[PDB]
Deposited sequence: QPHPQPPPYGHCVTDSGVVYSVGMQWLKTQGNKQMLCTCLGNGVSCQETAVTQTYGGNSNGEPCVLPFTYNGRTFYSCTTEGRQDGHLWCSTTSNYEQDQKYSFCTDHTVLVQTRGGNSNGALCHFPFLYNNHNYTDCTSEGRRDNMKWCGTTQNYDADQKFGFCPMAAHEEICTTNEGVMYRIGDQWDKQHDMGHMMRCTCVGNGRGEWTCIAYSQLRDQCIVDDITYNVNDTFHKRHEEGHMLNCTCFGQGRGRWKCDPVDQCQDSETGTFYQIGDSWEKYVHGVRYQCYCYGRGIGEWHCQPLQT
């Protein structure tokens, strides 16, 4: 394979045969595990994927470790999970339950892996210097076709190293507990309902999640219940989340108890329970949060 044109002076020849220039960063991904690699003067340095441009939190605005674990799950991006305030947060270590350290995220708390260009899929380097101005995100500037690119080193004017910034990706398939594969936007009727039928949609939410909705009516009050799932794959474990809304018809009355959708049983806030559904043991919990919010995860060994 040929080698880049200097500057920068110095190259890294990686295990796969790919040649990166000094100052470049790229992602080494093994199954679901991710490493952030750097081409230093003496060779390749790999470490925990750190994502910057954070603020607040108990960690003095330290960078994210992406992915991170929290509440038995893995998060590949910042989340609002666990928060009533809607703020996107991330763990500053790989294990949140252990270390308990976090920061809040901004529109720049992401790593952009480039395509095409000079850089062999290297990450964007921010800030990159172009026309004597520092760009902290991808630009259309200097291009007739208006395509969004970035420098893959600190100085593009000098190094001429770049790549194109693609649209962010998400999983395209929702796989049902019955093994049925659907695409984002597909609709079907729920396979295992509590007499009260449900309408399903493959929503995605970057994890191939599907949501099932059931509408109840007494002409005075309208009870709306929804359950969201995802099946396990290489990146994600199974998860289940149910809500219940009690609206006058709308005007919402808080729902402070949970109803498991596959049993029909009523649980109170702070209650845990187990269920065997479709040949798998689940552990459940009732949060409430005025929306009858309950979660389930498969029983772990």
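Visitor: Which parts of the deposited sequence lack C-alpha coordinates in this model? Number from residue 1, please.
Guide: Unmodelled stretch: 250 to 256 only.
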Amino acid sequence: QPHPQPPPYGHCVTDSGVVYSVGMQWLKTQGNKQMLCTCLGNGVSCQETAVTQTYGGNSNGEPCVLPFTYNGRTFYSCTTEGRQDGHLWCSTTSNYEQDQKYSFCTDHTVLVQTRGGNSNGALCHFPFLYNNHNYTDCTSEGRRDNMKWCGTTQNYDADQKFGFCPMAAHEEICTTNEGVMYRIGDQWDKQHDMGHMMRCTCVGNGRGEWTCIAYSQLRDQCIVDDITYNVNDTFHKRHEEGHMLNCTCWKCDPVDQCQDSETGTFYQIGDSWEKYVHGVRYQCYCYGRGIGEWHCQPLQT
From here on, numbers count along this sequence of modelled residues.
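Visitor: Determine, for stretches 43 to 51 and 272 to 280, which one has the higher mean CA B-factor as deposited.
Guide: Mean C-alpha B-factor is greater for 272 to 280.
Visitor: Between 76 to 84 and 191 to 199, name whichever shows the higher mean Cα B factor according to the PDB entry.
Guide: It is 191 to 199 that shows the higher mean C-alpha B-factor.
Visitor: Which of these has the highest Cα B-factor in the record: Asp220, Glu171, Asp226, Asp186?
Guide: Comparing C-alpha B-factors across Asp220, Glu171, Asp226, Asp186, the maximum falls on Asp220.
Visitor: Maximum C-alpha temperature factor per the entry, among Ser216, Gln113, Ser103, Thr211, belongs to which one?
Guide: Most elevated C-alpha B-factor of the set, per the entry: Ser216.
Visitor: For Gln160, does the deposited CA B-factor place it in the lowest, middle or highest third of the chain?
Guide: For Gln160, the deposited C-alpha B-factor lands in the highest third.
Visitor: For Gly61, does the deposited CA B-factor place it in the lowest, middle or highest third of the chain?
Guide: Highest third - that is where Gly61 ends up once the chain's C-alpha B-factors are sorted.
Visitor: When the deposited Cα B-factors of this chain's modelled residues are ordered and cut into thirds, is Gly31 in the lowest, the middle or the highest one?
Guide: For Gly31, whose C-alpha B-factor we compare with every modelled residue in the chain, the answer is the highest third.
Visitor: Can you tell me whether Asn146 has a C-alpha B-factor in the lowest, middle or highest third compared with the other modelled residues of the same chain?
Guide: Its C-alpha B-factor, which the entry lists for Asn146, ranks in the highest third among residues of this chain.
Visitor: Name the third of the chain's ranked CA B-factors that contains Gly242, choosing lowest, middle or highest.
Guide: Tercile = lowest for this residue's CA B-factor.
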